[PDB]
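Colleague: This is the content of model_26.txt (compact mmCIF, C-alpha atoms and all ligand atoms):
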```txt
# COMPACT_ATOMS: atom_id res chain seq x y z
CA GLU A 1 0.00 0.00 0.00
CA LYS A 2 2.84 2.41 0.75
CA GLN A 3 4.44 1.55 -2.57
CA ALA A 4 1.22 2.22 -4.48
CA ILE A 5 0.69 5.48 -2.58
CA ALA A 6 4.26 6.59 -3.29
CA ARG A 7 3.91 5.81 -6.97
CA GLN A 8 0.55 7.46 -7.55
CA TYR A 9 0.38 10.40 -5.15
CA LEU A 10 3.56 11.28 -3.30
CA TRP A 11 6.34 11.15 -5.89
CA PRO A 12 4.58 13.21 -8.63
CA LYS A 13 3.82 15.95 -6.11
CA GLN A 14 7.40 16.18 -4.85
CA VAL A 15 8.57 16.14 -8.45
CA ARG A 16 6.28 19.02 -9.47
CA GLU A 17 7.14 21.17 -6.49
CA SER A 18 10.90 20.98 -7.09
CA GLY A 19 11.06 22.17 -10.68
CA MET A 20 12.27 18.85 -12.03
CA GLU A 21 9.65 18.01 -14.62
CA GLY A 22 10.65 14.81 -16.33
CA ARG A 23 14.35 15.16 -15.60
CA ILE A 24 14.48 12.65 -12.74
CA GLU A 25 12.69 9.38 -11.98
CA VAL A 26 12.78 6.50 -9.48
CA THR A 27 12.22 2.80 -10.09
CA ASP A 28 10.01 0.50 -8.02
CA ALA A 29 12.89 -1.26 -6.26
CA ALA A 30 14.16 2.17 -5.21
CA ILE A 31 10.81 3.05 -3.63
CA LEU A 32 10.74 -0.31 -1.88
CA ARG A 33 14.24 0.27 -0.49
CA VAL A 34 13.31 3.76 0.74
CA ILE A 35 10.30 2.25 2.49
CA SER A 36 12.08 -0.67 4.10
CA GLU A 37 15.45 0.82 5.12
CA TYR A 38 14.78 4.50 5.89
CA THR A 39 11.38 4.52 7.60
CA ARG A 40 9.61 3.04 10.64
CA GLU A 41 6.08 4.43 10.51
CA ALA A 42 2.45 3.67 10.02
CA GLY A 43 1.76 6.82 8.00
CA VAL A 44 3.31 8.41 4.95
CA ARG A 45 4.87 11.66 6.12
CA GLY A 46 8.37 10.27 6.59
CA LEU A 47 8.27 8.59 3.18
CA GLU A 48 7.17 11.91 1.71
CA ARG A 49 10.11 13.71 3.30
CA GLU A 50 12.52 11.10 1.91
CA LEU B 1 -35.06 43.82 7.97
CA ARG B 2 -38.82 43.22 8.20
CA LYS B 3 -38.78 41.74 4.69
CA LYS B 4 -35.76 39.61 5.62
CA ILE B 5 -37.51 38.26 8.73
CA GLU B 6 -40.59 37.17 6.81
CA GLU B 7 -38.71 35.63 3.87
CA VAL B 8 -35.92 33.33 5.06
CA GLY B 9 -37.17 30.39 7.11
CA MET B 10 -38.12 30.40 9.88
CA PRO B 11 -40.16 28.51 12.54
CA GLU B 12 -43.15 30.33 13.99
CA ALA B 13 -41.99 30.30 17.60
CA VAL B 14 -38.79 31.99 16.44
CA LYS B 15 -40.55 34.30 13.97
CA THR B 16 -42.85 35.66 16.70
CA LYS B 17 -39.81 36.28 18.93
CA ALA B 18 -38.07 38.11 16.08
CA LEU B 19 -41.04 40.31 15.20
CA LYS B 20 -41.53 41.24 18.85
CA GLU B 21 -37.86 42.20 19.11
CA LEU B 22 -38.13 44.30 15.95
CA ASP B 23 -41.18 46.07 17.34
CA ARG B 24 -39.12 46.96 20.41
CA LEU B 25 -36.26 48.15 18.19
CA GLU B 26 -38.53 50.49 16.24
CA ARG B 27 -39.21 52.49 19.43
CA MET B 28 -35.65 53.02 20.68
CA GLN B 29 -33.63 56.13 19.98
CA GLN B 30 -31.29 55.86 17.04
CA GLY B 31 -28.10 55.86 18.99
CA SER B 32 -27.69 53.99 21.47
CA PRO B 33 -26.10 51.54 23.89
CA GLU B 34 -29.31 49.48 23.80
CA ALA B 35 -30.28 49.71 20.13
CA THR B 36 -27.04 48.22 18.85
CA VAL B 37 -27.56 45.09 20.95
CA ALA B 38 -31.00 44.57 19.42
CA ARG B 39 -29.85 45.23 15.87
CA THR B 40 -26.83 42.93 16.19
CA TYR B 41 -29.08 40.21 17.59
CA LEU B 42 -31.50 40.57 14.69
CA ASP B 43 -28.65 40.44 12.18
CA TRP B 44 -27.47 37.17 13.71
CA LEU B 45 -31.03 35.84 13.55
CA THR B 46 -31.56 36.74 9.92
CA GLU B 47 -28.14 35.65 8.64
CA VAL B 48 -28.04 32.13 10.13
CA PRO B 49 -29.61 29.60 7.71
CA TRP B 50 -33.14 28.33 8.30
CA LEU C 1 -9.60 53.54 8.24
CA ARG C 2 -11.83 52.75 5.25
CA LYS C 3 -8.98 53.79 2.94
CA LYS C 4 -6.61 51.55 4.90
CA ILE C 5 -9.02 48.61 4.55
CA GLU C 6 -9.15 49.26 0.81
CA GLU C 7 -5.37 49.48 0.32
CA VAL C 8 -3.63 46.57 2.05
CA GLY C 9 -4.48 43.02 1.00
CA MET C 10 -6.78 41.34 1.66
CA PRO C 11 -8.89 38.25 0.82
CA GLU C 12 -12.46 38.90 -0.19
CA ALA C 13 -14.19 37.11 2.70
CA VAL C 14 -12.20 38.94 5.37
CA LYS C 15 -12.63 42.22 3.48
CA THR C 16 -16.41 41.75 3.42
CA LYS C 17 -16.38 40.93 7.14
CA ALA C 18 -14.30 44.03 7.88
CA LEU C 19 -16.58 46.29 5.86
CA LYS C 20 -19.66 44.99 7.67
CA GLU C 21 -17.88 45.60 10.97
CA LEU C 22 -17.01 49.16 9.91
CA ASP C 23 -20.60 49.84 8.84
CA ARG C 24 -21.65 48.65 12.28
CA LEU C 25 -19.08 50.95 13.88
CA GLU C 26 -20.16 54.07 11.95
CA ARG C 27 -23.69 54.09 13.40
CA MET C 28 -22.98 53.80 17.13
CA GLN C 29 -22.01 56.65 19.42
CA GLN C 30 -18.31 57.15 19.99
CA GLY C 31 -16.60 56.54 23.29
CA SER C 32 -19.00 53.70 24.04
CA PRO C 33 -17.29 50.66 25.59
CA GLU C 34 -18.36 48.59 22.57
CA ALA C 35 -17.07 51.14 20.06
CA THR C 36 -13.65 50.57 21.62
CA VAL C 37 -13.69 46.82 21.10
CA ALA C 38 -15.02 47.22 17.56
CA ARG C 39 -12.06 49.53 16.80
CA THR C 40 -9.14 47.66 18.32
CA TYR C 41 -10.25 44.70 16.21
CA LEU C 42 -10.10 46.70 12.99
CA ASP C 43 -6.66 48.00 13.93
CA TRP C 44 -5.44 44.43 14.32
CA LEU C 45 -7.00 43.45 11.00
CA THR C 46 -5.36 46.30 9.13
CA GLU C 47 -1.95 45.99 10.81
CA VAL C 48 -1.10 42.35 10.04
CA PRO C 49 0.47 41.73 6.61
CA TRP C 50 -1.57 40.40 3.70
CA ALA D 1 -26.87 12.69 9.26
CA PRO D 2 -24.04 10.44 10.50
CA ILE D 3 -21.65 11.26 13.33
CA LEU D 4 -18.27 9.59 12.94
CA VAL D 5 -14.93 9.36 14.67
CA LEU D 6 -11.85 8.28 12.71
CA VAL D 7 -9.13 6.65 14.83
CA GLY D 8 -5.63 5.75 13.75
CA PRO D 9 -1.87 6.37 13.89
CA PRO D 10 -0.43 9.85 13.11
CA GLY D 11 0.44 9.91 9.47
CA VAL D 12 -2.66 8.27 8.02
CA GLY D 13 -5.04 10.51 6.09
CA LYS D 14 -7.66 11.36 8.71
CA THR D 15 -7.78 15.15 8.36
CA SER D 16 -7.35 14.92 4.59
CA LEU D 17 -10.59 12.95 4.16
CA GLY D 18 -12.80 15.89 5.15
CA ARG D 19 -12.46 17.94 1.97
CA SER D 20 -12.52 14.77 -0.11
CA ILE D 21 -15.83 13.59 1.34
CA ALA D 22 -17.26 17.11 1.09
CA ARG D 23 -16.10 17.60 -2.51
CA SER D 24 -17.40 14.17 -3.47
CA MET D 25 -20.97 14.97 -2.41
CA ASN D 26 -21.05 18.61 -3.64
CA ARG D 27 -21.52 19.84 -0.07
CA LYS D 28 -20.11 22.81 1.75
CA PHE D 29 -17.15 22.29 4.04
CA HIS D 30 -15.89 23.94 7.21
CA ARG D 31 -13.20 23.01 9.71
CA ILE D 32 -13.08 23.64 13.45
CA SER D 33 -9.81 22.91 15.20
CA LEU D 34 -10.27 21.71 18.75
CA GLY D 35 -7.35 20.56 20.81
CA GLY D 36 -6.15 22.61 23.71
CA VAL D 37 -9.47 24.47 23.70
CA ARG D 38 -10.31 25.03 27.36
CA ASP D 39 -13.04 27.65 27.10
CA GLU D 40 -16.66 26.52 27.28
CA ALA D 41 -17.59 29.82 25.64
CA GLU D 42 -16.16 28.54 22.37
CA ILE D 43 -18.88 25.91 22.07
CA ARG D 44 -21.73 28.11 23.26
CA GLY D 45 -21.56 31.88 23.48
CA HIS D 46 -22.23 34.59 26.03
CA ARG D 47 -25.65 35.90 27.00
CA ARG D 48 -25.50 39.21 24.98
CA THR D 49 -25.90 41.18 28.17
CA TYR D 50 -22.11 41.31 28.15
CA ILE D 51 -20.32 43.83 26.10
CA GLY D 52 -18.64 42.08 23.20
CA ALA D 53 -20.71 38.92 23.21
CA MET D 54 -21.21 36.70 20.15
CA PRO D 55 -22.18 33.03 19.62
CA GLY D 56 -19.95 29.98 19.64
CA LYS D 57 -17.96 28.30 16.91
CA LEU D 58 -20.90 26.19 15.74
CA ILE D 59 -23.37 29.01 15.03
CA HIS D 60 -20.51 30.95 13.44
CA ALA D 61 -19.64 27.89 11.33
CA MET D 62 -23.25 27.50 10.22
CA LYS D 63 -23.29 31.18 9.31
CA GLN D 64 -20.13 30.93 7.17
CA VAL D 65 -21.55 27.97 5.27
CA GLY D 66 -24.71 28.99 3.49
CA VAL D 67 -26.77 25.84 4.00
CA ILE D 68 -28.25 23.64 6.74
CA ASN D 69 -26.44 20.43 5.77
CA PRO D 70 -22.71 21.04 5.57
CA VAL D 71 -19.90 18.67 6.38
CA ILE D 72 -18.09 19.90 9.49
CA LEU D 73 -14.74 18.47 10.54
CA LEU D 74 -13.99 18.60 14.26
CA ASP D 75 -10.26 18.08 14.37
CA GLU D 76 -8.47 16.43 17.33
CA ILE D 77 -11.47 15.84 19.57
CA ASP D 78 -9.43 13.77 22.03
CA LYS D 79 -7.17 16.73 22.84
CA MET D 80 -9.68 18.91 24.64
CA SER D 81 -8.95 19.47 28.31
CA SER D 82 -11.43 18.88 31.13
CA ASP D 83 -10.85 19.67 34.81
CA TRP D 84 -12.27 21.81 37.60
CA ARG D 85 -11.88 24.96 35.58
CA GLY D 86 -12.34 24.49 31.86
CA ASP D 87 -14.62 21.77 30.48
CA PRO D 88 -15.72 22.12 26.86
CA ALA D 89 -16.11 18.36 26.47
CA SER D 90 -19.26 18.56 28.60
CA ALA D 91 -20.86 21.15 26.33
CA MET D 92 -20.15 18.93 23.32
CA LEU D 93 -22.60 16.38 24.72
CA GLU D 94 -25.46 18.56 23.53
CA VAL D 95 -24.18 19.02 19.97
CA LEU D 96 -23.49 15.34 19.27
CA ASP D 97 -26.58 13.81 20.86
CA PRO D 98 -28.14 11.76 18.02
CA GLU D 99 -31.72 12.52 19.02
CA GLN D 100 -31.65 15.75 21.05
CA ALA E 1 8.49 26.72 3.41
CA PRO E 2 10.28 24.10 5.54
CA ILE E 3 9.57 23.19 9.15
CA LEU E 4 12.82 22.00 10.72
CA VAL E 5 13.90 20.83 14.15
CA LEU E 6 17.51 20.94 15.34
CA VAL E 7 18.32 18.49 18.12
CA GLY E 8 21.56 18.31 20.07
CA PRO E 9 23.47 18.79 23.32
CA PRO E 10 23.95 22.24 24.89
CA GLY E 11 26.56 24.67 23.70
CA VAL E 12 26.50 23.56 20.09
CA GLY E 13 25.27 26.41 18.00
CA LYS E 14 21.52 25.98 17.57
CA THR E 15 20.06 29.25 18.82
CA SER E 16 22.79 31.29 17.12
CA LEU E 17 22.33 29.43 13.85
CA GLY E 18 18.83 30.76 13.25
CA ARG E 19 19.94 34.38 13.06
CA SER E 20 22.80 33.46 10.73
CA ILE E 21 20.40 31.57 8.44
CA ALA E 22 17.99 34.51 8.39
CA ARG E 23 20.82 36.97 7.74
CA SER E 24 22.29 34.97 4.87
CA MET E 25 18.95 34.78 3.05
CA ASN E 26 18.15 38.50 3.58
CA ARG E 27 14.93 37.70 5.43
CA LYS E 28 13.38 39.07 8.60
CA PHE E 29 13.86 37.33 11.93
CA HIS E 30 11.95 36.93 15.18
CA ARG E 31 12.32 34.70 18.24
CA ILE E 32 9.65 33.07 20.36
CA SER E 33 10.97 31.39 23.49
CA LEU E 34 8.65 28.53 24.40
CA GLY E 35 10.49 27.39 27.53
CA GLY E 36 8.11 27.16 30.44
CA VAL E 37 5.14 28.37 28.40
CA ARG E 38 2.25 26.84 30.24
CA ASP E 39 -1.10 28.02 28.88
CA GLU E 40 -2.84 27.61 25.52
CA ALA E 41 -3.88 31.27 25.44
CA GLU E 42 -0.46 32.37 24.18
CA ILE E 43 -0.55 30.33 20.97
CA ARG E 44 -4.10 31.40 20.17
CA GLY E 45 -5.55 34.43 21.86
CA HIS E 46 -8.74 35.19 23.70
CA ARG E 47 -12.08 36.12 22.19
CA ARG E 48 -12.57 39.85 21.86
CA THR E 49 -15.20 39.84 24.59
CA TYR E 50 -12.92 39.71 27.59
CA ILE E 51 -11.57 43.11 28.51
CA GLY E 52 -7.84 42.70 28.08
CA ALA E 53 -7.95 40.39 25.08
CA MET E 54 -5.31 40.35 22.35
CA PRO E 55 -3.90 37.77 19.90
CA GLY E 56 -1.32 35.11 20.60
CA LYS E 57 2.41 35.10 20.02
CA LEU E 58 2.20 34.16 16.35
CA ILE E 59 -0.06 36.99 15.18
CA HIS E 60 1.97 39.43 17.26
CA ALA E 61 5.18 38.08 15.72
CA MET E 62 3.71 38.46 12.25
CA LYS E 63 2.85 42.04 13.14
CA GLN E 64 6.40 42.89 14.29
CA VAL E 65 7.91 41.52 11.11
CA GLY E 66 6.35 43.32 8.20
CA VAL E 67 6.22 40.52 5.64
CA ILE E 68 4.50 37.18 5.09
CA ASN E 69 7.71 35.11 4.86
CA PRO E 70 10.00 35.59 7.84
CA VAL E 71 12.23 33.13 9.60
CA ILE E 72 10.73 32.42 13.02
CA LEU E 73 12.75 30.57 15.64
CA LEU E 74 10.66 28.56 18.10
CA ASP E 75 13.26 28.09 20.77
CA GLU E 76 13.22 25.18 23.27
CA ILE E 77 10.21 23.29 21.97
CA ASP E 78 10.82 20.26 24.20
CA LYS E 79 10.67 22.25 27.46
CA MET E 80 6.99 23.06 26.94
CA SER E 81 4.56 21.67 29.47
CA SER E 82 1.40 19.60 29.09
CA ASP E 83 0.30 19.44 32.73
CA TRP E 84 -2.91 20.24 34.48
CA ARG E 85 -2.63 23.92 33.87
CA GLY E 86 -2.77 24.48 30.13
CA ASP E 87 -1.70 22.35 27.17
CA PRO E 88 0.03 24.47 24.52
CA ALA E 89 1.56 21.45 22.81
CA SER E 90 -1.84 20.52 21.38
CA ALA E 91 -2.40 24.03 20.07
CA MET E 92 0.88 23.74 18.15
CA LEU E 93 -0.58 20.96 16.00
CA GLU E 94 -2.54 23.59 14.10
CA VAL E 95 0.48 25.84 13.56
CA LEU E 96 3.04 23.33 12.33
CA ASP E 97 0.74 21.19 10.17
CA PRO E 98 2.33 21.39 6.69
CA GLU E 99 -0.94 20.78 4.84
CA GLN E 100 -3.38 22.80 6.92
CA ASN E 101 -1.55 25.84 8.27
CA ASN E 102 -2.76 28.06 5.47
CA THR E 103 -5.97 28.40 7.54
CA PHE E 104 -4.64 28.98 11.04
CA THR E 105 -7.41 30.45 13.19
CA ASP E 106 -6.60 32.66 16.16
CA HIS E 107 -9.23 33.25 18.80
CA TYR E 108 -8.94 37.03 18.62
CA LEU E 109 -8.95 37.35 14.85
CA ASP E 110 -11.97 35.34 13.79
CA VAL E 111 -10.55 34.80 10.29
CA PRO E 112 -8.21 32.19 8.81
CA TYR E 113 -4.66 33.44 8.37
CA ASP E 114 -2.00 32.02 6.07
CA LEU E 115 1.14 30.73 7.80
CA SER E 116 2.44 28.59 4.95
CA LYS E 117 5.20 30.95 3.79
CA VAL E 118 7.01 31.23 7.12
CA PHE E 119 10.31 29.42 7.65
CA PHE E 120 10.00 27.67 11.02
CA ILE E 121 13.13 26.53 12.85
CA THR E 122 12.71 24.85 16.23
CA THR E 123 15.39 23.70 18.68
CA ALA E 124 15.45 20.93 21.29
CA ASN E 125 17.91 19.06 23.49
CA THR E 126 16.25 15.66 23.16
CA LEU E 127 13.34 14.24 21.20
CA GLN E 128 11.78 12.20 23.98
CA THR E 129 9.64 14.95 25.54
CA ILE E 130 7.91 15.99 22.31
CA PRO E 131 4.42 14.56 21.65
CA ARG E 132 4.35 12.02 18.85
CA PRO E 133 1.84 13.84 16.59
CA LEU E 134 3.92 17.00 16.92
CA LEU E 135 7.24 15.30 16.17
CA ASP E 136 5.83 13.70 13.03
CA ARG E 137 5.23 17.09 11.40
CA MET E 138 8.82 18.30 11.74
CA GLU E 139 11.95 17.34 9.81
CA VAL E 140 14.86 16.35 12.05
CA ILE E 141 18.39 17.64 11.52
CA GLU E 142 20.78 16.19 14.08
CA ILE E 143 23.71 18.23 15.38
CA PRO E 144 26.13 15.70 16.89
CA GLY E 145 28.78 17.42 18.99
CA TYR E 146 32.39 18.23 18.24
CA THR E 147 35.60 16.25 18.16
CA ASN E 148 38.93 17.62 19.36
CA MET E 149 40.12 18.61 15.88
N1 LIG F 201 -4.23 6.73 1.34
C1 LIG F 201 -3.65 7.89 1.04
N2 LIG F 201 -3.59 8.27 -0.25
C2 LIG F 201 -3.02 9.43 -0.55
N3 LIG F 201 -2.48 10.33 0.27
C3 LIG F 201 -2.55 9.93 1.54
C4 LIG F 201 -3.10 8.75 2.00
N4 LIG F 201 -3.01 8.67 3.38
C5 LIG F 201 -2.40 9.78 3.71
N5 LIG F 201 -2.10 10.59 2.65
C6 LIG F 201 -1.44 11.88 2.71
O1 LIG F 201 -0.74 11.95 3.93
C7 LIG F 201 -0.69 13.31 4.40
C8 LIG F 201 -1.03 13.36 5.87
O2 LIG F 201 -2.44 13.27 6.04
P1 LIG F 201 -3.18 13.77 7.33
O3 LIG F 201 -4.67 13.54 7.22
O4 LIG F 201 -2.85 15.16 7.51
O5 LIG F 201 -2.70 12.87 8.51
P2 LIG F 201 -3.33 13.04 9.93
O6 LIG F 201 -3.67 11.63 10.40
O7 LIG F 201 -4.50 13.90 9.88
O8 LIG F 201 -2.27 13.56 10.94
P3 LIG F 201 -2.60 13.72 12.44
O9 LIG F 201 -1.30 13.81 13.26
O10 LIG F 201 -3.37 12.47 12.92
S1 LIG F 201 -3.72 15.30 12.65
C9 LIG F 201 -1.62 14.11 3.49
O11 LIG F 201 -0.87 14.90 2.58
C10 LIG F 201 -2.41 13.04 2.74
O12 LIG F 201 -2.68 13.46 1.41
```
Please express the file's structure as structure tokens.
Ligand SMILES: Nc1ncnc2c1ncn2[C@@H]1O[C@H](COP(=O)(O)OP(=O)(O)OP(O)(O)=S)[C@@H](O)[C@H]1O
Modeller:
Amino acid sequence: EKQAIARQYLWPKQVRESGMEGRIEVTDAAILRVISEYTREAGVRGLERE
Amino acid sequence: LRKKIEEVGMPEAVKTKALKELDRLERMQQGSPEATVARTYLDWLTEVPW
Amino acid sequence: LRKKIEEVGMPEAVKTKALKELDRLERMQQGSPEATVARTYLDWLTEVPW
Amino acid sequence: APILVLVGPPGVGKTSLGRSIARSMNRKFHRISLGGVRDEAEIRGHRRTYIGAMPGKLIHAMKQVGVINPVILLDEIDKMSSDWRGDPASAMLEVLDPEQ
Amino acid sequence: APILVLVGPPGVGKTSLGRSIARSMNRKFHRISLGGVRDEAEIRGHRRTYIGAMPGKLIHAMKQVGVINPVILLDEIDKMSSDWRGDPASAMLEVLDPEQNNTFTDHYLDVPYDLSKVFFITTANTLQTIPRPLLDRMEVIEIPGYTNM
């Protein structure tokens, strides 16, 4: 669920608000590594800050 | 304000209260430490949705 | 004070609220202890930045 | 109309569902932030004998919204404070009573 | 704008770093010291129906600064009480919420006020005395402590 949320809602918003507009992109294994090794939460604010 | 009282809403036990208060307000001196209380109360009665 | 409400800012809802408050203030006798509290409030609304 | 409480951990979208549910049903929306509120005169008002009196947050919220069926979010209802002096959680019993 | 928290032992430069950050970016600065702040009526205000009523620290701080994007240092955020008498840590959830603080509502001003352009920097000695919903809104930057070199 966190991986689907980060693909559909969180990563496009952080991309749009930074000025990068198709210049940078993450894979799915990258999102899974950010979730599993950089976060201990139940929500999605820490994932959004990463 | 008379037209506003008898157009929006309102229940009859509140409408009688409001018309009695307006009939008091029509006797007071335009002024007044006691007319502004009545007019502010009638504005709150006519602007809340019924 | 009406000129100051017109110049700085402000959003349309808070500007409408401030103009209704000023129209209430114009028709009550000055030096009343409610004309003071209806005036300090408009000073605070016109002195914060918008 | 329903009366709901949404319970969960911090980062889950509890507050964010208010505007989504209100936008989905074409209803008006308003938000009242509780939490730390200790004054009972925020729920009800003062008796308009007093000198700058005006009604509580609920009548003000119904006046901002134009209609009689809005969606009103009451945010952080478990963070009100109740003790000998200051008890707004006892005035909220009258606004959330499902039949009174 | 960001909402940061700087956490570290005493004597490392946390309080003095806020003024340097605000000076390097040519932006206005203001401090609010939250140590020992005990009542909720200093975050929000009182209604304008009590006789000596006036807004809280945030609206007053936004009045002192003239602009809508200052740097505001909220100093000693972990030394803020939640006892019997007052709970200002639950009134801070409305201020530091990164998605909802464009409609912050003071009790004196009955209108929503936009606090989404302000650069908040908060400082603390440890993270363990911060409430968990309030810690989850802030980004941690850890200041470790110096070596001999
Ligand atoms: N299922 C989801 N899909 C998309 N975005 C989500 C989802 N769950 C949470 N979010 C996002 O997560 C962020 C945090 O949501 P909030 O509702 O503010 O959390 P919160 O539970 O209200 O926080 P507190 O501490 O309990 S008030 C928002 O930007 C939401 O859009």
Colleague: For residue B:4, find every residue with an atom within 12 Å (counting all atoms listed in the file), except residues of its own chain fewer than 5 positions away, and show them as a PyMOL selection string.
Modeller: chain B and resi 9-10+15+18-19+22+42-50
Colleague: Mind checking which residues fall within 9 Å of stretch 3-16 of chain D, counting all atoms listed in the file, ignoring those fewer than 5 positions away in the same chain, and posting them as a ChimeraX atom specification?
Modeller: /A:41-46 /D:73,75,77,96,98 /E:99-100,132-133,136-137
Colleague: For chain C, work out the contacting residues on chain E at 8 Å, counting only C-alpha atoms, and write them as a VMD selection string.
Modeller: chain E and resid 48 to 49 59 62 to 63 66 to 68 109 111
Colleague: Computed after least-squares fitting of chain C to chain B on all C-alpha atoms in order, what is the RMSD in Å?
Modeller: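 RMSD over all C-alpha atoms: 0.4 Å.
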Colleague: Where's the centre, and what are the edge lengths in Å to one decimal, of a box along x, y and z enclosing all listed atoms of stretch 61-65 of chain E padded 6 Å per side, as lines of an AutoDock Vina configuration file?
Modeller:
```
center_x = 5.4
center_y = 40.5
center_z = 13.4
size_x = 17.1
size_y = 16.8
size_z = 16.6
```
Colleague: List as a PyMOL selection string the residues having at least one atom at most 9 Å from position (14.9, 8.4, 7.9) as given in the file, counting all atoms listed in the file.
Modeller: (chain A and resi 34+37-40+46-47+49-50) or (chain E and resi 140)
Colleague: Write down, as number ranges by chain, each residue of chain E that has any atom within 12 Å of an atom of chain D, counting only C-alpha atoms.
Modeller: E: 38-53, 82-95, 97-101, 103-108, 110-112, 131-137
Colleague: Quick one: write out the picked residues with C-alpha atoms as an mmCIF file, in the coordinates of the input?
Modeller:
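Saved as part_23.cif:
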```
data_model
loop_
_atom_site.group_PDB
_atom_site.id
_atom_site.type_symbol
_atom_site.label_atom_id
_atom_site.label_comp_id
_atom_site.auth_asym_id
_atom_site.auth_seq_id
_atom_site.Cartn_x
_atom_site.Cartn_y
_atom_site.Cartn_z
ATOM 1 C CA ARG E 38 2.250 26.840 30.240
ATOM 2 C CA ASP E 39 -1.100 28.020 28.880
ATOM 3 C CA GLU E 40 -2.840 27.610 25.520
ATOM 4 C CA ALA E 41 -3.880 31.270 25.440
ATOM 5 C CA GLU E 42 -0.460 32.370 24.180
ATOM 6 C CA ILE E 43 -0.550 30.330 20.970
ATOM 7 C CA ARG E 44 -4.100 31.400 20.170
ATOM 8 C CA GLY E 45 -5.550 34.430 21.860
ATOM 9 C CA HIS E 46 -8.740 35.190 23.700
ATOM 10 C CA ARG E 47 -12.080 36.120 22.190
ATOM 11 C CA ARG E 48 -12.570 39.850 21.860
ATOM 12 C CA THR E 49 -15.200 39.840 24.590
ATOM 13 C CA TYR E 50 -12.920 39.710 27.590
ATOM 14 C CA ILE E 51 -11.570 43.110 28.510
ATOM 15 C CA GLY E 52 -7.840 42.700 28.080
ATOM 16 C CA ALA E 53 -7.950 40.390 25.080
ATOM 17 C CA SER E 82 1.400 19.600 29.090
ATOM 18 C CA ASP E 83 0.300 19.440 32.730
ATOM 19 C CA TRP E 84 -2.910 20.240 34.480
ATOM 20 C CA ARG E 85 -2.630 23.920 33.870
ATOM 21 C CA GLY E 86 -2.770 24.480 30.130
ATOM 22 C CA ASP E 87 -1.700 22.350 27.170
ATOM 23 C CA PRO E 88 0.030 24.470 24.520
ATOM 24 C CA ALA E 89 1.560 21.450 22.810
ATOM 25 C CA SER E 90 -1.840 20.520 21.380
ATOM 26 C CA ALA E 91 -2.400 24.030 20.070
ATOM 27 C CA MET E 92 0.880 23.740 18.150
ATOM 28 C CA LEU E 93 -0.580 20.960 16.000
ATOM 29 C CA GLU E 94 -2.540 23.590 14.100
ATOM 30 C CA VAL E 95 0.480 25.840 13.560
ATOM 31 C CA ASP E 97 0.740 21.190 10.170
ATOM 32 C CA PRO E 98 2.330 21.390 6.690
ATOM 33 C CA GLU E 99 -0.940 20.780 4.840
ATOM 34 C CA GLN E 100 -3.380 22.800 6.920
ATOM 35 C CA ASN E 101 -1.550 25.840 8.270
ATOM 36 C CA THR E 103 -5.970 28.400 7.540
ATOM 37 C CA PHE E 104 -4.640 28.980 11.040
ATOM 38 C CA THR E 105 -7.410 30.450 13.190
ATOM 39 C CA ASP E 106 -6.600 32.660 16.160
ATOM 40 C CA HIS E 107 -9.230 33.250 18.800
ATOM 41 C CA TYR E 108 -8.940 37.030 18.620
ATOM 42 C CA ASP E 110 -11.970 35.340 13.790
ATOM 43 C CA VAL E 111 -10.550 34.800 10.290
ATOM 44 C CA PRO E 112 -8.210 32.190 8.810
ATOM 45 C CA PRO E 131 4.420 14.560 21.650
ATOM 46 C CA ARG E 132 4.350 12.020 18.850
ATOM 47 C CA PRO E 133 1.840 13.840 16.590
ATOM 48 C CA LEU E 134 3.920 17.000 16.920
ATOM 49 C CA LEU E 135 7.240 15.300 16.170
ATOM 50 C CA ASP E 136 5.830 13.700 13.030
ATOM 51 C CA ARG E 137 5.230 17.090 11.400
#
```
Colleague: Please measure the separation of atom CA of residue A:28 and atom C7 of ligand LIG 201 (chain F), giving the value in Å to one decimal.
Modeller: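 A separation of 20.8 Å between them.
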